[PDB]
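Colleague: this block holds the first chain(s) of the complex, placed as they are in the complex; more will follow:
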Amino acid sequence: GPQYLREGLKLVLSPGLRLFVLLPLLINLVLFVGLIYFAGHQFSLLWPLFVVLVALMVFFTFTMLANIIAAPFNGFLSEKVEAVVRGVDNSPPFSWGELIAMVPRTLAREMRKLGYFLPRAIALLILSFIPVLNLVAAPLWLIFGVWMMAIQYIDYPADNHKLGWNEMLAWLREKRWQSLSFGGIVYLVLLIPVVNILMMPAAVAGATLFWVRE
């Protein structure tokens, strides 16, 4: 179960994939470093509450944009990590221009993902401030959190092969244990603020692997 993710690390490190692996890993890192540069300088440019608050704003918008921009790039590698473990062994000849074709579909999928996320995200936040109910908000956030990991990454290979919007989810439901496992371990590793930059493509690798073996 975390083995999918580990093998995803093995494949993400494959010499043939390294182009397609390092491609979104560089735009993601400059954005990660691009954060603290913009956060250090501009964020400085009652009150404590408001500051923690707007900080959270910044974090939310930052995350959301990071995902919507890295969305197509992940969908691309998804096909390629599939290729490697499948027919076209290791390095598969895919050109740059290819990326142009995935732009509409991947972005549609991503925005659909955020439209699934936000309302349940808002519901859990509101449960988080009902003085005696809060005791179960965080464990709900956590479970909803890792299921949100599952669909986020298991969506890439299952969109490359045409699938309905709900259908994917239903399949995600049709085997909840392994989904929750994969999303789970990918979440645990997601926590680490440094190694995660490499583990995010490791994620989509493991997820394409996940559909391949199922």
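Modeller: Arrived safely. Numbering: from 1, shown residues only, chains lettered A, B, ... in the order given.
Colleague: wait, what's in contact with the nearest residue to residue A:136 once chain neighbours are set aside?
Modeller: The shortest distance from residue A:136 to any non-neighbouring residue, by C-beta to C-beta, 6 or more residues apart in numbering, is to residue A:127 (7.6 Å). C-betas here are computed from N, CA, C, even on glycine. Shown in contact with residue A:127 (C-beta atoms under 8 Å, 6 or more residues apart in numbering): A:133, A:134, A:136, A:137, A:140.
Colleague: recalculate using a threshold of 10 Å.
Modeller: Neighbouring residues of residue A:127 by C-beta atoms under 10 Å, 6 or more residues apart in numbering: A:133, A:134, A:136, A:137, A:138, A:140, A:141.
Colleague: how about the residue nearest to the spatial centre of chain A: what's its closest non-neighbour residue?
Modeller: Residue closest to the average C-alpha location in chain A (C-alpha atoms, centre = their mean): residue A:152, at 4.9 Å. Once flanking residues are discounted, residue A:152 sits nearest to residue A:113: 6.5 Å by C-beta to C-beta, 6+ apart.
Colleague: which SSE is that neighbour in?
Modeller: Using DSSP states H and E, residue A:113 maps to helix A:99-127.
Colleague: chain center to that helix, what's the gap?
Modeller: On the basis of C-alpha atoms, centre = their mean, to the nearest Å, helix A:99-127 sits 11 Å off its chain's mean C-alpha point.
Colleague: state the distance from the residue of chain A most remote from its centre to residue A:53.
Modeller: Largest separation from the mean C-alpha position in chain A: residue A:46, at 35.1 Å (C-alpha atoms, centre = their mean). Residue A:46 sits 11 Å away from residue A:53, going by C-beta to C-beta, to the nearest Å.
Colleague: following sequence is chain B, place it on the structure:
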Amino acid sequence: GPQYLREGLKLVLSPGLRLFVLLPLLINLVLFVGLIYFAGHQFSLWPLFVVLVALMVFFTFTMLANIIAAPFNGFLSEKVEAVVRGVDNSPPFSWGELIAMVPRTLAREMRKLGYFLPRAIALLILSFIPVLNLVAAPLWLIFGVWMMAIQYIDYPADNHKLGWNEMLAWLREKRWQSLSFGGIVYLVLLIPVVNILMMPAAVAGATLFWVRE
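Modeller: One more chain to add, chain B, which I have set with the ones above:
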């Protein structure tokens, strides 16, 4: 433990105290009704940003609510002492008396919030650290009960001149019964409707706390 609070409910209903009981009970009631009127009309004028102004007006409303209803509590607090003590039932205290407490209660309240806000903000930051959140609400429950103890038990202990720290120390000296009183009081605070009546019952119970210990 909650019997001191219940006894407060008995005292808060005593025919002699009904003046001093119905003094803050009306200004708090009109502020409770005054909340939803202003929130019904003005809030529309104002989703994440929406939830933002929402929580903002909620907790800021409670803040101004405390700094406004602060003097009236201290006033009643002196009476429930008197009532259960020497001057039985109705104790003859006139309106102008209040004027003497306004400077002290406000200088005590902003100290409570000075105590509260940074610990409040300390827990909020704890509530967004991914795997650590699992214990943020339990802390918030404990911290929320201890925030009821020092809220009300501070009234009679401020009538009898005590330091801001010293009170806390005494509250620390007997943690269990403090957490008890503040505990039940918090549990009754949750009720959105009955709390308006149990808010004055609480301070009565707290003076009772200072008295019986």
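Colleague: in light of the added chain B, please revisit the contacts of residue A:127.
Modeller: For residue A:127, the contacting residues are A:133, A:134, A:136, A:137, A:138, A:140, A:141, by C-beta atoms under 10 Å, 6 or more residues apart in numbering or on different chains.
Colleague: switch to 7 Å and redo it
Modeller: A:133, A:137, A:140 (C-beta atoms under 7 Å, 6 or more residues apart in numbering or on different chains).
Colleague: isn't residue A:140 right next to residue A:124, touching?
Modeller: Yes: Residue A:140 lies in contact with residue A:124 (C-beta atoms under 7 Å); the separation is 5.6 Å.
Colleague: number of residues surrounding residue A:177?
Modeller: By other C-beta atoms under 10 Å in any protein chain shown, the residues close to residue A:177 number 9.
Colleague: check the secondary structure at it for me.
Modeller: Secondary structure, DSSP: H, G, I helix; E, B strand; the rest coil: residue A:177 is helix.
Colleague: can you tell me which of the contacts of residue A:127 are in helices?
Modeller: Among these, the members found in helices (DSSP state H) are A:137, A:140.
Colleague: buried subset of the contacts of residue A:127, written for PyMOL?
Modeller: To isolate the buried ones among the contacts of residue A:127 in PyMOL, judged by 16 or more other C-beta atoms under 10 Å in any protein chain shown, type:
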select buried, chain A and resi 137
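Colleague: kindly indicate which of the contacts of residue A:127 lies nearest chain B.
Modeller: Comparing these against chain B with C-beta to the nearest C-beta places residue A:137 closest, at 6.6 Å.
Colleague: quick one: the closest residue in space to that closest one that isn't next to it in sequence from residue B:82, how far?
Modeller: Distances taken as C-beta to C-beta, 6 or more residues apart in numbering or on different chains place residue A:128 nearest to residue A:137, at 4.1 Å, with adjacent residues excluded. Using C-beta to C-beta, residue A:128 is found at 43 Å from residue B:82.
Colleague: quick one: contacts for the one residue in chain A that gets nearest to chain B?
Modeller: Nearest to chain B, among the residues of chain A, is residue A:134, at 3.8 Å (C-beta to the nearest C-beta). When contacts are counted by C-beta under 7 Å, 6+ apart, residue A:134 touches A:128, B:137, B:140.
Colleague: all good on my end, thank you.
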